[PDB]
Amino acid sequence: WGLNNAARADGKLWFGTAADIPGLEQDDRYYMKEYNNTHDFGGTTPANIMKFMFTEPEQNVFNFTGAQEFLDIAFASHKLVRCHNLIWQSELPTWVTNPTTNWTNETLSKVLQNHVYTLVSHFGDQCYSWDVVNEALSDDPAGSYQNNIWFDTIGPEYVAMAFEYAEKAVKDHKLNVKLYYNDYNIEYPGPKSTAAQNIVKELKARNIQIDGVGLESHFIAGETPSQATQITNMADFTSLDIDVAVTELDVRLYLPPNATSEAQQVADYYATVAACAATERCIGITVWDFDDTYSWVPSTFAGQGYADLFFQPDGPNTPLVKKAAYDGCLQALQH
């Protein structure tokens, strides 16, 4: 009996994990045995291979092969897939970031429309959902839109436009795919979360399809919002007639871990999973991979790590060790 059995018993669609597949994880049989363990993982998100740079490496030149390999592996384990992501400021290919001729509103708009429409149409219902727009909101000032190539060239309309053309792809192909907005620092009440809610309100007002908000939940042990804080935040989103999902959960510590910070980690994993369990329209929890060996954390957040549910004391391709944080997740679904 694992996290996915427990989540589905609570009415959730999955307990899930991201995976950096295709990639070196596939050569780690201890990793792959647990990735394939449907008791723990009934959902998954590709950590990289479905992003803009890998799926449209040159303008109008689409590449689906690595993404299809990820989907094939996920299907073999009966995992529902959160496809991720279409429009994002980061990890963009050079033909977008350094064009020989400046983009205009017209020409970048068509780039955006083509990428969104092609990816959603091509993969169809192999995706449970798409993260259509990723991290459109700024941290400073918290409420505002973040400056990026899409916003600077198209204006704030680029967000509605992405969902509009994702909806066109779903209707033109009679798809069931859910359309999500996904962001971080929107897991607690505050200007950024309220701004995300306003995005949902404005799309709903324009009759543009939006089905859910993804709450990334990249947290630091002891800074994570309390369970009660996440419960009320989730309610604010779901009151707008949408689902939410915890989409990229990990709880990083300042290295090295100690007894106190490890206890904080268990508490913070518990609080996040418990808030989702308490929320009727939180459809699931996905961790941003489950094995410290392959976690993105040390590279993105200097001096931090130990953020996942398992680790390998002897490195890649050696046995996993289940952390107490795992039991925090399990207890949150049982309680």
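Start at 1 with the first residue shown and count on from there.
If you average the C-alpha B-factors over 14-22 and over 309-317, the higher value belongs to 309-317. Per-stretch averaging of Cα B factors for 265-273 and 32-40 places 32-40 on top. Between the residues 88, 123, 130, 254, the entry's highest C-alpha temperature factor is the one at 254. In this structure the maximum Cα B-factor among 84, 115, 168, 78 is found at 78. When the modelled residues of the chain are ordered by their C-alpha B factor, residue 148 lands in the highest third. Ranked against the other modelled residues of its chain, the C-alpha B-factor of residue 233 as given in the entry falls in the lowest third. Sort the chain's modelled residues by C-alpha temperature factor and residue 110 lands in the highest third, per the entry.
Ranked within its chain, residue 7 lands in the middle third, by CA B factor from the PDB record. Sort the chain's modelled residues by C-alpha temperature factor and residue 158 lands in the middle third, per the entry.
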